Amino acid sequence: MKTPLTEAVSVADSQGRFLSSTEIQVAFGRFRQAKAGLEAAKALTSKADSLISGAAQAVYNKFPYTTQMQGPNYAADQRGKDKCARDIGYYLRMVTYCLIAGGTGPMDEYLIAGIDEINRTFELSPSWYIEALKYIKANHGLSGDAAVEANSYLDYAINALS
């Protein structure tokens, strides 16, 4: 799982070496940053319900046919709308995990790997989700390093979908 601490150990283990000042520096970096990352996860978690509803609304506004077209892959009914808000909540939950771990590992593990096959099979459009992520980026209201790290994980997901 891609994170400063596990990768430092992983690399060293692969080389059969004890940890050295190099890995120790990797940890200093993770701990200097964890102060901002844990504060961001706290905040995002507080604004979760609003960020999810606002994000889903922004998607429908940009792609109105999604709320109209008949089909299990759309949100014309309550079932589809619930699936959609659920998916967006997943993305947001994954982002807070990344801030807590200090790396993309959690998202890579639980969400990015296999996403292409899913979107193709169930005919879901990457563009819809990209819109949702752009919305959360412009509305989380984080500041300083907290905002910078948070935005890095949202853009990461966006890059994975495009």
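Residue positions are given as counts along the sequence shown, with the first one as 1.
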Of 55-63 and 32-40, the stretch with the higher mean C-alpha B-factor in the deposited entry is 32-40
Of 129-137 and 46-54, the stretch with the higher mean C-alpha B-factor in the deposited entry is 46-54
Looking at the temperature factor on the CA atom of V148, which third of the chain's modelled residues does it land in? middle
Using the temperature factors of the C-alpha atoms in this entry, rank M69 within its chain: lowest, middle or highest third. highest
Split into thirds by Cα B-factor across the chain's modelled residues, where does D87 land: lowest, middle or highest? lowest
Chain third (lowest, middle, highest) by recorded CA B-factor, residue given as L154: lowest
